[PDB]
């Protein structure tokens, strides 16, 4: 008998139970947490350039693994019942590496480089990164708040694509 897990999700009793089953099967060494190796052992994930970003966002306490609460809370970002602002904040978090609430020039470059690879020259990438920030930076601190981020991408309706069945 242990103390209750406490969390914030869109999921009901049934769904949490089903997510719990996937968690245990994914938990190879059965330690109660999910390591990078355990995620990477799924073949379909090995050539995904974004796996680590997702894990870093799920890992909210910061210890490098994903426990059941953070697993539930992470998946819930993708619930069919999630609002637009929630799906956008998740996409925002992909670019916001240090989680300080802003997107810096350096971060934007790094996350793009991660996805673009060697398609663009570094110089080219740096310039469209410069121009993207300068255009969206309403208050001139040189970075991109969430409110500014939404102003740019809010009309793209990508949030309709970020949905999973549980």
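Take the two forms, superpose them, and find the largest set of C-alpha atoms that agree within 1.5 Å; that set is the rigid core. Numbering follows the first chain given and starts at 1.
After superposition on the rigid core, the larger root-mean-square Cα deviation in 8 other deposited structures of this protein belongs to 117-125, not to the other of 117-125 and 102-110. The PDB entry reports B-factors from which the mean C-alpha value can be compared for 42-50 and 62-70; the larger average falls on 42-50. Of the two stretches examined, 127-135 and 32-40, the record assigns the greater average C-alpha temperature factor to 32-40.
Residue 88: CA B factor lies in the middle third for its chain, per the PDB record. Among all modelled residues in its chain, residue 8 ranks in the lowest third by Cα B-factor. Looking at the C-alpha B-factors along this chain, the one for residue 106 belongs to the lowest third. When the modelled residues of the chain are ordered by C-alpha B-factor, residue 120 sits in the middle third.
When the modelled residues of the chain are ordered by C-alpha B-factor, residue 100 sits in the middle third.
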